[PDB]
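start_31.csv follows (CSV, C-alpha atoms):
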chain,number,residue,atom,x,y,z
D,1,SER,CA,-119.2,-89.1,199.0
D,2,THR,CA,-115.6,-90.3,199.2
D,3,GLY,CA,-113.6,-93.5,199.5
D,4,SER,CA,-110.1,-94.3,200.8
D,5,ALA,CA,-108.4,-97.7,200.4
D,6,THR,CA,-104.9,-98.9,201.2
D,7,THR,CA,-102.9,-100.3,198.3
D,8,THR,CA,-100.2,-102.8,199.0
D,9,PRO,CA,-97.2,-104.1,196.9
D,10,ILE,CA,-97.6,-107.7,195.9
D,11,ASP,CA,-93.9,-108.5,196.4
D,12,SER,CA,-90.6,-107.1,197.6
D,13,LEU,CA,-90.0,-105.4,194.3
D,14,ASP,CA,-93.3,-103.5,194.0
D,15,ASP,CA,-94.1,-105.4,190.8
D,16,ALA,CA,-97.7,-104.3,191.2
D,17,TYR,CA,-100.1,-103.1,193.9
D,18,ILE,CA,-103.3,-104.7,195.2
D,19,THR,CA,-106.3,-102.9,196.7
D,20,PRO,CA,-109.2,-104.7,198.4
D,21,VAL,CA,-112.6,-104.3,196.7
D,22,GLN,CA,-115.9,-105.5,198.0
D,23,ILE,CA,-118.2,-107.0,195.3
D,24,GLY,CA,-121.7,-108.3,195.8
D,25,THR,CA,-124.1,-108.9,198.7
D,26,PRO,CA,-122.9,-110.2,201.1
D,27,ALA,CA,-119.6,-108.7,200.2
D,28,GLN,CA,-116.9,-110.8,198.5
D,29,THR,CA,-113.6,-109.1,199.0
D,30,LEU,CA,-111.1,-109.5,196.1
D,31,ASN,CA,-107.7,-107.8,195.8
D,32,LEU,CA,-107.6,-106.0,192.5
D,33,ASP,CA,-104.9,-104.2,190.5
D,34,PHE,CA,-106.0,-100.6,190.1
D,35,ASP,CA,-105.0,-99.8,186.6
D,36,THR,CA,-105.1,-96.2,185.2
D,37,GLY,CA,-104.1,-97.6,181.8
D,38,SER,CA,-107.2,-99.7,181.2
D,39,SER,CA,-110.9,-99.4,181.6
D,40,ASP,CA,-112.3,-102.9,182.5
D,41,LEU,CA,-113.1,-104.1,186.0
D,42,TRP,CA,-112.6,-107.9,185.6
D,43,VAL,CA,-112.2,-110.6,188.2
D,44,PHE,CA,-111.3,-114.3,188.6
D,45,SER,CA,-114.6,-116.0,189.2
D,46,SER,CA,-116.5,-119.2,189.6
D,47,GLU,CA,-116.7,-119.2,185.8
D,48,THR,CA,-112.9,-119.1,185.2
D,49,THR,CA,-111.5,-122.3,183.6
D,50,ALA,CA,-110.4,-124.3,186.6
D,51,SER,CA,-106.9,-125.0,185.3
D,52,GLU,CA,-106.3,-121.3,185.0
D,53,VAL,CA,-107.0,-120.5,188.7
D,54,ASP,CA,-104.0,-121.0,191.0
D,55,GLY,CA,-104.6,-119.4,194.4
D,56,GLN,CA,-106.7,-116.4,193.5
D,57,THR,CA,-109.8,-115.4,195.3
D,58,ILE,CA,-112.8,-115.8,193.0
D,59,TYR,CA,-116.1,-113.9,192.7
D,60,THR,CA,-119.1,-116.2,192.7
D,61,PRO,CA,-122.0,-114.2,191.3
D,62,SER,CA,-124.5,-117.0,192.2
D,63,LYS,CA,-123.8,-116.2,195.9
D,64,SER,CA,-124.5,-112.5,195.5
D,65,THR,CA,-128.1,-111.4,195.9
D,66,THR,CA,-127.4,-108.2,194.0
D,67,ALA,CA,-125.7,-109.8,191.0
D,68,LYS,CA,-127.5,-109.7,187.7
D,69,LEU,CA,-126.2,-111.2,184.4
D,70,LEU,CA,-125.8,-108.5,181.8
D,71,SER,CA,-127.5,-110.5,179.1
D,72,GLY,CA,-125.5,-111.0,175.9
D,73,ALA,CA,-122.5,-109.0,177.1
D,74,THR,CA,-119.0,-110.3,176.6
D,75,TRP,CA,-115.5,-108.8,177.0
D,76,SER,CA,-112.0,-109.6,175.8
D,77,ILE,CA,-108.9,-107.6,176.6
D,78,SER,CA,-105.2,-107.7,175.6
D,79,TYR,CA,-102.6,-105.8,177.6
D,80,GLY,CA,-99.4,-104.2,176.5
D,81,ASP,CA,-97.4,-107.0,178.1
D,82,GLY,CA,-99.1,-109.6,175.9
D,83,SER,CA,-101.4,-110.9,178.7
D,84,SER,CA,-105.2,-111.3,178.1
D,85,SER,CA,-108.5,-112.3,179.6
D,86,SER,CA,-112.1,-112.6,178.5
D,87,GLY,CA,-115.5,-113.6,179.7
D,88,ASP,CA,-119.1,-112.5,180.4
D,89,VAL,CA,-120.5,-109.7,182.5
D,90,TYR,CA,-122.6,-109.1,185.6
D,91,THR,CA,-123.8,-106.0,187.3
D,92,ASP,CA,-123.3,-105.8,191.0
D,93,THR,CA,-122.6,-103.5,193.9
D,94,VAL,CA,-118.9,-102.6,194.2
D,95,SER,CA,-117.4,-100.7,197.1
D,96,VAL,CA,-113.8,-99.3,197.4
D,97,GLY,CA,-112.7,-97.9,200.7
D,98,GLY,CA,-116.3,-97.1,201.8
D,99,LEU,CA,-117.4,-95.7,198.4
D,100,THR,CA,-120.2,-97.7,196.9
D,101,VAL,CA,-121.4,-98.0,193.3
D,102,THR,CA,-124.5,-99.9,192.5
D,103,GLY,CA,-125.0,-101.5,189.1
D,104,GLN,CA,-121.2,-101.6,188.3
D,105,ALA,CA,-120.2,-103.8,185.4
D,106,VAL,CA,-118.2,-106.7,186.9
D,107,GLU,CA,-116.5,-108.6,184.1
D,108,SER,CA,-116.3,-112.3,185.0
D,109,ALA,CA,-113.3,-114.1,183.5
D,110,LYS,CA,-113.9,-117.3,181.7
D,111,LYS,CA,-110.3,-117.4,180.4
D,112,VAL,CA,-107.1,-115.7,181.6
D,113,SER,CA,-103.6,-116.0,180.1
D,114,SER,CA,-100.7,-117.6,181.9
D,115,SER,CA,-99.3,-114.5,183.6
D,116,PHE,CA,-102.6,-113.9,185.4
D,117,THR,CA,-102.8,-117.6,186.5
D,118,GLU,CA,-99.2,-117.5,187.7
D,119,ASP,CA,-99.8,-114.4,189.9
D,120,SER,CA,-101.8,-115.7,192.9
D,121,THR,CA,-101.9,-112.3,194.6
D,122,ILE,CA,-104.0,-110.5,191.9
D,123,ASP,CA,-107.6,-111.4,191.8
D,124,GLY,CA,-108.5,-109.1,188.9
D,125,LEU,CA,-108.1,-105.5,187.6
D,126,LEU,CA,-110.0,-102.3,188.3
D,127,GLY,CA,-109.6,-100.0,185.3
D,128,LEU,CA,-109.4,-96.3,185.9
D,129,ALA,CA,-108.6,-95.0,182.3
D,130,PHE,CA,-111.4,-93.4,180.3
D,131,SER,CA,-114.5,-95.5,179.7
D,132,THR,CA,-114.1,-95.2,175.9
D,133,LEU,CA,-111.5,-98.0,176.3
D,134,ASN,CA,-113.9,-100.4,178.0
D,135,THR,CA,-114.1,-103.7,176.0
D,136,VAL,CA,-117.6,-104.9,176.9
D,137,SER,CA,-119.7,-105.7,173.7
D,138,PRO,CA,-122.2,-104.9,172.4
D,139,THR,CA,-122.9,-102.2,175.1
D,140,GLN,CA,-119.7,-100.5,176.4
D,141,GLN,CA,-119.6,-100.1,180.2
D,142,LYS,CA,-118.4,-97.4,182.5
D,143,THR,CA,-115.5,-97.6,184.9
D,144,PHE,CA,-116.0,-97.6,188.6
D,145,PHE,CA,-114.8,-93.9,188.7
D,146,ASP,CA,-117.1,-92.9,185.9
D,147,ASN,CA,-120.0,-94.4,187.8
D,148,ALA,CA,-119.1,-92.8,191.1
D,149,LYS,CA,-118.1,-89.4,189.8
D,150,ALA,CA,-121.4,-87.6,190.1
D,151,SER,CA,-121.7,-88.7,193.8
D,152,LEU,CA,-118.1,-87.7,194.8
D,153,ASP,CA,-117.5,-84.6,196.7
D,154,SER,CA,-115.0,-83.7,193.9
D,155,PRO,CA,-114.6,-85.6,190.6
D,156,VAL,CA,-111.1,-86.8,191.3
D,157,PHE,CA,-109.2,-89.8,192.5
D,158,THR,CA,-105.6,-89.8,193.8
D,159,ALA,CA,-102.8,-92.4,193.7
D,160,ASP,CA,-100.2,-92.4,196.5
D,161,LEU,CA,-98.1,-95.5,195.8
D,162,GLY,CA,-95.5,-96.5,198.3
D,163,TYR,CA,-91.9,-97.5,197.7
D,164,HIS,CA,-91.6,-101.0,199.3
D,165,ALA,CA,-94.5,-99.9,201.5
D,166,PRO,CA,-98.3,-99.6,201.4
D,167,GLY,CA,-100.0,-96.5,199.9
D,168,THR,CA,-103.4,-95.1,199.3
D,169,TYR,CA,-106.1,-94.6,196.6
D,170,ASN,CA,-108.5,-91.9,197.5
D,171,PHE,CA,-111.8,-91.1,195.7
D,172,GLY,CA,-113.5,-87.7,195.8
D,173,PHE,CA,-111.1,-85.7,197.8
D,174,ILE,CA,-107.4,-84.5,197.9
D,175,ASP,CA,-105.7,-85.3,201.2
D,176,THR,CA,-103.6,-82.2,201.7
D,177,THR,CA,-101.5,-84.0,204.4
D,178,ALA,CA,-100.3,-86.6,201.9
D,179,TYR,CA,-97.9,-84.4,199.9
D,180,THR,CA,-95.3,-81.6,200.4
D,181,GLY,CA,-95.3,-78.3,198.6
D,182,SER,CA,-98.0,-77.7,196.0
D,183,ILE,CA,-99.7,-79.8,193.3
D,184,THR,CA,-98.7,-78.9,189.8
D,185,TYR,CA,-101.5,-79.5,187.3
D,186,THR,CA,-100.9,-80.3,183.6
D,187,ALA,CA,-103.1,-80.9,180.6
D,188,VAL,CA,-104.5,-84.3,179.6
D,189,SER,CA,-105.4,-85.6,176.2
D,190,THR,CA,-108.2,-88.3,176.3
D,191,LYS,CA,-107.9,-88.9,172.6
D,192,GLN,CA,-106.4,-92.4,173.1
D,193,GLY,CA,-108.5,-93.1,176.2
D,194,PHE,CA,-105.5,-92.7,178.6
D,195,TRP,CA,-104.4,-90.2,181.2
D,196,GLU,CA,-102.0,-88.8,178.5
D,197,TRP,CA,-99.9,-85.8,179.3
D,198,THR,CA,-96.6,-84.1,178.3
D,199,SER,CA,-93.6,-84.0,180.7
D,200,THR,CA,-91.4,-81.0,180.2
D,201,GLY,CA,-88.1,-82.8,180.4
D,202,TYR,CA,-85.7,-84.8,182.6
D,203,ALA,CA,-82.4,-84.9,184.5
D,204,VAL,CA,-80.2,-87.8,185.4
D,205,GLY,CA,-78.8,-87.7,189.0
D,206,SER,CA,-77.3,-84.2,189.8
D,207,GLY,CA,-77.1,-83.4,186.1
D,208,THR,CA,-78.6,-80.4,184.3
D,209,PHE,CA,-82.3,-80.5,183.4
D,210,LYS,CA,-83.0,-81.1,179.7
D,211,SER,CA,-86.1,-79.3,178.5
D,212,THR,CA,-87.8,-81.5,176.1
D,213,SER,CA,-91.5,-82.5,175.6
D,214,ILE,CA,-92.2,-86.2,176.4
D,215,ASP,CA,-95.7,-87.3,175.8
D,216,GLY,CA,-96.8,-90.3,177.8
D,217,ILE,CA,-99.4,-91.9,180.0
D,218,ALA,CA,-99.8,-92.1,183.8
D,219,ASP,CA,-100.3,-95.8,184.2
D,220,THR,CA,-100.6,-97.4,187.6
D,221,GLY,CA,-100.9,-100.8,186.0
D,222,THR,CA,-97.4,-100.7,184.5
D,223,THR,CA,-94.5,-101.5,186.8
D,224,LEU,CA,-91.7,-99.6,185.1
D,225,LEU,CA,-90.9,-96.2,183.5
D,226,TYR,CA,-90.8,-96.5,179.7
D,227,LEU,CA,-89.2,-93.5,177.9
D,228,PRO,CA,-87.6,-92.7,174.6
D,229,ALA,CA,-84.4,-94.5,173.8
D,230,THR,CA,-82.4,-91.3,173.9
D,231,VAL,CA,-83.5,-90.5,177.5
D,232,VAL,CA,-83.0,-94.1,178.7
D,233,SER,CA,-79.5,-94.3,177.2
D,234,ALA,CA,-78.5,-91.1,178.9
D,235,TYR,CA,-79.7,-92.5,182.2
D,236,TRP,CA,-77.9,-95.9,182.0
D,237,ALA,CA,-74.7,-94.3,180.6
D,238,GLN,CA,-74.3,-93.0,184.2
D,239,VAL,CA,-74.2,-96.5,185.6
D,240,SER,CA,-70.9,-98.3,185.2
D,241,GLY,CA,-71.4,-101.7,183.5
D,242,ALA,CA,-75.0,-101.1,182.6
D,243,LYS,CA,-76.0,-102.4,179.2
D,244,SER,CA,-79.1,-103.2,177.1
D,245,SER,CA,-79.5,-107.0,176.9
D,246,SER,CA,-81.5,-108.4,174.0
D,247,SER,CA,-81.6,-111.8,175.8
D,248,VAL,CA,-82.9,-110.4,179.0
D,249,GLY,CA,-85.2,-107.9,177.3
D,250,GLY,CA,-83.9,-104.5,178.5
D,251,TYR,CA,-81.3,-102.6,180.4
D,252,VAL,CA,-79.5,-104.5,183.1
D,253,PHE,CA,-76.9,-103.3,185.5
D,254,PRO,CA,-74.4,-104.7,188.1
D,255,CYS,CA,-76.3,-105.4,191.3
D,256,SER,CA,-73.4,-103.8,193.1
D,257,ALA,CA,-74.1,-100.4,191.6
D,258,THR,CA,-75.6,-97.4,193.4
D,259,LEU,CA,-78.1,-95.9,190.9
D,260,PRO,CA,-78.5,-92.2,190.2
D,261,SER,CA,-81.9,-90.5,190.7
D,262,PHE,CA,-84.0,-89.6,187.7
D,263,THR,CA,-86.0,-86.3,187.6
D,264,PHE,CA,-89.0,-85.6,185.4
D,265,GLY,CA,-90.7,-82.3,184.7
D,266,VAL,CA,-94.3,-81.4,185.3
D,267,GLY,CA,-94.6,-77.9,184.0
D,268,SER,CA,-92.1,-75.9,185.9
D,269,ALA,CA,-92.1,-78.4,188.8
D,270,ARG,CA,-89.8,-81.4,189.2
D,271,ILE,CA,-90.4,-84.9,190.5
D,272,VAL,CA,-87.3,-86.8,191.7
D,273,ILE,CA,-87.3,-90.6,191.5
D,274,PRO,CA,-84.6,-91.9,193.9
D,275,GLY,CA,-82.1,-94.2,192.5
D,276,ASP,CA,-83.2,-97.1,194.7
D,277,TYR,CA,-86.7,-97.0,193.1
D,278,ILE,CA,-85.0,-98.0,189.8
D,279,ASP,CA,-83.6,-101.3,191.1
D,280,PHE,CA,-85.7,-104.3,190.2
D,281,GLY,CA,-83.3,-106.8,191.5
D,282,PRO,CA,-81.5,-109.9,190.1
D,283,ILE,CA,-82.7,-111.0,186.6
D,284,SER,CA,-82.8,-114.5,188.0
D,285,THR,CA,-82.4,-115.8,191.5
D,286,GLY,CA,-78.8,-115.4,192.6
D,287,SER,CA,-77.6,-113.4,189.6
D,288,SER,CA,-75.4,-110.4,190.1
D,289,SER,CA,-77.1,-108.8,187.0
D,290,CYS,CA,-80.0,-106.6,188.1
D,291,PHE,CA,-83.0,-105.4,186.0
D,292,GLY,CA,-83.4,-101.7,185.5
D,293,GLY,CA,-86.6,-99.8,186.3
D,294,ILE,CA,-86.2,-97.3,183.4
D,295,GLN,CA,-86.6,-99.0,180.0
D,296,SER,CA,-87.0,-97.9,176.4
D,297,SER,CA,-90.5,-97.3,175.0
D,298,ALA,CA,-89.2,-97.7,171.5
D,299,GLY,CA,-91.0,-101.0,170.9
D,300,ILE,CA,-94.2,-99.9,172.6
D,301,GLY,CA,-95.5,-96.9,170.6
D,302,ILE,CA,-96.1,-94.8,173.7
D,303,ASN,CA,-94.1,-93.6,176.7
D,304,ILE,CA,-95.4,-94.9,180.0
D,305,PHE,CA,-95.1,-93.2,183.4
D,306,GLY,CA,-95.6,-96.4,185.4
D,307,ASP,CA,-95.3,-97.2,189.0
D,308,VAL,CA,-91.5,-96.3,189.2
D,309,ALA,CA,-92.4,-92.7,188.3
D,310,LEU,CA,-95.8,-92.4,190.0
D,311,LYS,CA,-94.6,-93.8,193.4
D,312,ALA,CA,-92.3,-90.8,193.7
D,313,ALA,CA,-95.3,-88.5,193.6
D,314,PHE,CA,-98.8,-87.8,194.9
D,315,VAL,CA,-100.8,-88.0,191.7
D,316,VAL,CA,-104.2,-86.4,191.2
D,317,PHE,CA,-106.4,-87.8,188.4
D,318,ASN,CA,-108.8,-84.9,187.9
D,319,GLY,CA,-112.0,-86.1,186.1
D,320,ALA,CA,-113.6,-82.7,185.7
D,321,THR,CA,-115.3,-81.9,182.4
D,322,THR,CA,-111.8,-81.1,181.1
D,323,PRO,CA,-109.6,-83.7,182.8
D,324,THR,CA,-106.1,-82.8,184.1
D,325,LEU,CA,-103.3,-84.5,186.0
D,326,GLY,CA,-101.7,-83.1,189.2
D,327,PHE,CA,-98.3,-84.1,190.6
D,328,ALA,CA,-96.8,-83.2,194.0
D,329,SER,CA,-93.7,-84.3,195.7
D,330,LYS,CA,-94.2,-86.2,199.0
Please rewrite the model in this file as structure tokens.
Amino acid sequence: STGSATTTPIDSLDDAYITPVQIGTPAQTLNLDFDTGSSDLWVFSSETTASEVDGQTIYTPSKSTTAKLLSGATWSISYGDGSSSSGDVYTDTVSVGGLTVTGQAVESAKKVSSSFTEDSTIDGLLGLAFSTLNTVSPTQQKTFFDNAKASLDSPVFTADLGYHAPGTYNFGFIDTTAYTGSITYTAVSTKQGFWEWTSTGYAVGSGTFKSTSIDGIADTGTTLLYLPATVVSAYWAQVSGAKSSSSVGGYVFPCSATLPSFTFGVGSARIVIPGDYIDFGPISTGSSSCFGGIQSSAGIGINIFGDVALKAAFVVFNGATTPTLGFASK
């Protein structure tokens, strides 16, 4: 089997991407944030504290003839941005782009933190990291991809995120029309539960490529590109007037600037992020200070190849017995 679904930016800045997902019988379609950095499929629901729902579409398990309470199971997750959610668990039928998994754990939110409530466009998350990170207790549950894998034509999914435009998540096949050149594959460590890999270096604009190993994670659920402070300083030093602002929480730059590109290495191959992809717009409405799309990881503990980086590539998440990642230009 295969599946193919369009993923759409939630706003004009590509702050996140939503993909429609069918849950239950009859189908209830919710727009979920596909997140290769976590491993829970959780949704706003009829059980979510009413004051914490503000415009999201909810899953109502009582209206699904295939929903079954997973007795005794609870979940609770905290994300790197400080947001969180928790609740109980149903199993139900879940379909993405024509690919159907029966008995998928659907984690029903009883509580969500403010950033989730405040984002009316995101009805939940669909985790695509390794199932060892799944938070369901006392019986850990498998991700949608893990459950589908054996049925897929090939044990892979691909992320093709658009810049200010829709893109595609495919399951079970590699669309050879969706990229240019060849796909370069690179080793993955699953030791932390992430799609963790080592970039071979970087360049800023037309500058020379610096060969240096940068371990990080391919994370569709993180908006920006978080890299070591040395790398980030070298990038922003090429932008007149750019500075790190403690009050704003990162590098800002004059909105009048034209940003340089940023290149990252994948083995001997190179992925070029155009400068425009690094502009996240005014820090507040009407400001001439703009927020940068490349930020320091120094306070995180891990480097994160988020959407800013991934949207410049066609990315293969190869879930073979030994997982690997593939990157192609497009």
Per-residue nearest contacts range 120-169 of chain D to range 300-311 of chain D, cut-off 10 Å, using all atoms listed in the file, as JSON lines:
{"residue": "D:159", "atom": "CA", "partner": "D:310", "partner_atom": "CA", "distance": 7.9}
{"residue": "D:160", "atom": "CA", "partner": "D:311", "partner_atom": "CA", "distance": 6.6}
{"residue": "D:161", "atom": "CA", "partner": "D:311", "partner_atom": "CA", "distance": 4.6}
{"residue": "D:162", "atom": "CA", "partner": "D:311", "partner_atom": "CA", "distance": 5.7}
{"residue": "D:163", "atom": "CA", "partner": "D:311", "partner_atom": "CA", "distance": 6.3}
{"residue": "D:164", "atom": "CA", "partner": "D:311", "partner_atom": "CA", "distance": 9.8}
{"residue": "D:167", "atom": "CA", "partner": "D:311", "partner_atom": "CA", "distance": 8.9}
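Distance check against residue 294 in chain D using only C-alpha atoms: of D:252, D:312, D:106, D:58, the minimum falls on D:252.
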- Query: D:40, D:118, D:99, D:15: which is nearest residue 153 in chain D, counting all atoms listed in the file?
  - Reply: D:99
- Looking at D:137, D:65, D:220, D:295, which one is nearest to residue 244 in chain D, with distances taken over only C-alpha atoms? D:295
- Item | Nearby residues (only C-alpha atoms) at most 9 Å from residue 128 in chain D, same-chain spacing under 5 positions excluded, as an MDAnalysis selection string | chainID D and resid 34:41 143:146
- Message: As an exercise, work out the distance from CA of residue 44 in chain D to CA of residue 104 in chain D in Å and give it to one decimal place.
- Response: 16.1 Å
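Near residue 233 in chain D, within 12 Å and counting all atoms listed in the file, sit residues 204, 226, 227, 239, 242, 243, 244, 250, 251, 252, 292, 294, 295, 296, 297 and 298 of chain D, not including residues fewer than 6 positions from it in the same chain.
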Could you write out that same residue set with C-alpha atoms as a PDB file, keeping the file's coordinate frame?
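Generated output (part-v5.pdb):
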ATOM      1  CA  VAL D 204     -80.200 -87.800 185.400  1.00  0.00           C
ATOM      2  CA  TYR D 226     -90.800 -96.500 179.700  1.00  0.00           C
ATOM      3  CA  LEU D 227     -89.200 -93.500 177.900  1.00  0.00           C
ATOM      4  CA  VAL D 239     -74.200 -96.500 185.600  1.00  0.00           C
ATOM      5  CA  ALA D 242     -75.000-101.100 182.600  1.00  0.00           C
ATOM      6  CA  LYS D 243     -76.000-102.400 179.200  1.00  0.00           C
ATOM      7  CA  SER D 244     -79.100-103.200 177.100  1.00  0.00           C
ATOM      8  CA  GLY D 250     -83.900-104.500 178.500  1.00  0.00           C
ATOM      9  CA  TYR D 251     -81.300-102.600 180.400  1.00  0.00           C
ATOM     10  CA  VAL D 252     -79.500-104.500 183.100  1.00  0.00           C
ATOM     11  CA  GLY D 292     -83.400-101.700 185.500  1.00  0.00           C
ATOM     12  CA  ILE D 294     -86.200 -97.300 183.400  1.00  0.00           C
ATOM     13  CA  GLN D 295     -86.600 -99.000 180.000  1.00  0.00           C
ATOM     14  CA  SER D 296     -87.000 -97.900 176.400  1.00  0.00           C
ATOM     15  CA  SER D 297     -90.500 -97.300 175.000  1.00  0.00           C
ATOM     16  CA  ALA D 298     -89.200 -97.700 171.500  1.00  0.00           C
TER      17      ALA D 298
END
Repair of range 161-180 of chain D at the level of N, CA and C atoms, as a PDB file, keeping the file's coordinate frame:
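Listed below is the output, selection.pdb:
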ATOM      1  N   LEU D 161     -98.754 -94.164 195.740  1.00  0.00           N
ATOM      2  CA  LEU D 161     -98.100 -95.500 195.800  1.00  0.00           C
ATOM      3  C   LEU D 161     -96.880 -95.400 196.665  1.00  0.00           C
ATOM      4  N   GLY D 162     -96.655 -96.434 197.464  1.00  0.00           N
ATOM      5  CA  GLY D 162     -95.500 -96.500 198.300  1.00  0.00           C
ATOM      6  C   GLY D 162     -94.301 -97.195 197.640  1.00  0.00           C
ATOM      7  N   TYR D 163     -93.099 -96.813 198.066  1.00  0.00           N
ATOM      8  CA  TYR D 163     -91.900 -97.500 197.700  1.00  0.00           C
ATOM      9  C   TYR D 163     -91.649 -98.594 198.786  1.00  0.00           C
ATOM     10  N   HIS D 164     -91.777 -99.858 198.394  1.00  0.00           N
ATOM     11  CA  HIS D 164     -91.600-101.000 199.300  1.00  0.00           C
ATOM     12  C   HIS D 164     -92.454-100.810 200.552  1.00  0.00           C
ATOM     13  N   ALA D 165     -93.660-100.278 200.369  1.00  0.00           N
ATOM     14  CA  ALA D 165     -94.500 -99.900 201.500  1.00  0.00           C
ATOM     15  C   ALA D 165     -95.934 -99.756 200.951  1.00  0.00           C
ATOM     16  N   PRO D 166     -96.952 -99.896 201.795  1.00  0.00           N
ATOM     17  CA  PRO D 166     -98.300 -99.600 201.400  1.00  0.00           C
ATOM     18  C   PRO D 166     -98.499 -98.106 201.055  1.00  0.00           C
ATOM     19  N   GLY D 167     -99.540 -97.831 200.278  1.00  0.00           N
ATOM     20  CA  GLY D 167    -100.000 -96.500 199.900  1.00  0.00           C
ATOM     21  C   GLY D 167    -101.465 -96.402 199.931  1.00  0.00           C
ATOM     22  N   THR D 168    -102.013 -95.427 199.203  1.00  0.00           N
ATOM     23  CA  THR D 168    -103.400 -95.100 199.300  1.00  0.00           C
ATOM     24  C   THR D 168    -103.998 -94.694 197.938  1.00  0.00           C
ATOM     25  N   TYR D 169    -105.205 -95.189 197.637  1.00  0.00           N
ATOM     26  CA  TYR D 169    -106.100 -94.600 196.600  1.00  0.00           C
ATOM     27  C   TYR D 169    -107.230 -93.932 197.290  1.00  0.00           C
ATOM     28  N   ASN D 170    -107.401 -92.640 197.013  1.00  0.00           N
ATOM     29  CA  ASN D 170    -108.500 -91.900 197.500  1.00  0.00           C
ATOM     30  C   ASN D 170    -109.450 -91.490 196.359  1.00  0.00           C
ATOM     31  N   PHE D 171    -110.744 -91.472 196.635  1.00  0.00           N
ATOM     32  CA  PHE D 171    -111.800 -91.100 195.700  1.00  0.00           C
ATOM     33  C   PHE D 171    -112.570 -89.918 196.237  1.00  0.00           C
ATOM     34  N   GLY D 172    -112.645 -88.820 195.487  1.00  0.00           N
ATOM     35  CA  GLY D 172    -113.500 -87.700 195.800  1.00  0.00           C
ATOM     36  C   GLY D 172    -112.954 -86.632 196.639  1.00  0.00           C
ATOM     37  N   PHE D 173    -111.682 -86.716 197.036  1.00  0.00           N
ATOM     38  CA  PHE D 173    -111.100 -85.700 197.800  1.00  0.00           C
ATOM     39  C   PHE D 173    -109.555 -85.735 197.677  1.00  0.00           C
ATOM     40  N   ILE D 174    -108.898 -84.617 197.972  1.00  0.00           N
ATOM     41  CA  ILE D 174    -107.400 -84.500 197.900  1.00  0.00           C
ATOM     42  C   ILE D 174    -106.942 -84.314 199.349  1.00  0.00           C
ATOM     43  N   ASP D 175    -106.201 -85.306 199.851  1.00  0.00           N
ATOM     44  CA  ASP D 175    -105.700 -85.300 201.200  1.00  0.00           C
ATOM     45  C   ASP D 175    -104.480 -84.376 201.236  1.00  0.00           C
ATOM     46  N   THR D 176    -104.678 -83.160 201.754  1.00  0.00           N
ATOM     47  CA  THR D 176    -103.600 -82.200 201.700  1.00  0.00           C
ATOM     48  C   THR D 176    -102.490 -82.490 202.720  1.00  0.00           C
ATOM     49  N   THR D 177    -102.634 -83.522 203.557  1.00  0.00           N
ATOM     50  CA  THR D 177    -101.500 -84.000 204.400  1.00  0.00           C
ATOM     51  C   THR D 177    -100.650 -84.993 203.762  1.00  0.00           C
ATOM     52  N   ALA D 178    -100.993 -85.451 202.559  1.00  0.00           N
ATOM     53  CA  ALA D 178    -100.300 -86.600 201.900  1.00  0.00           C
ATOM     54  C   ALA D 178     -99.165 -86.133 201.006  1.00  0.00           C
ATOM     55  N   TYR D 179     -98.916 -84.840 200.842  1.00  0.00           N
ATOM     56  CA  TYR D 179     -97.900 -84.400 199.900  1.00  0.00           C
ATOM     57  C   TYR D 179     -97.215 -83.164 200.523  1.00  0.00           C
ATOM     58  N   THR D 180     -96.056 -82.821 199.976  1.00  0.00           N
ATOM     59  CA  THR D 180     -95.300 -81.600 200.400  1.00  0.00           C
ATOM     60  C   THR D 180     -95.474 -80.593 199.245  1.00  0.00           C
TER      61      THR D 180
END
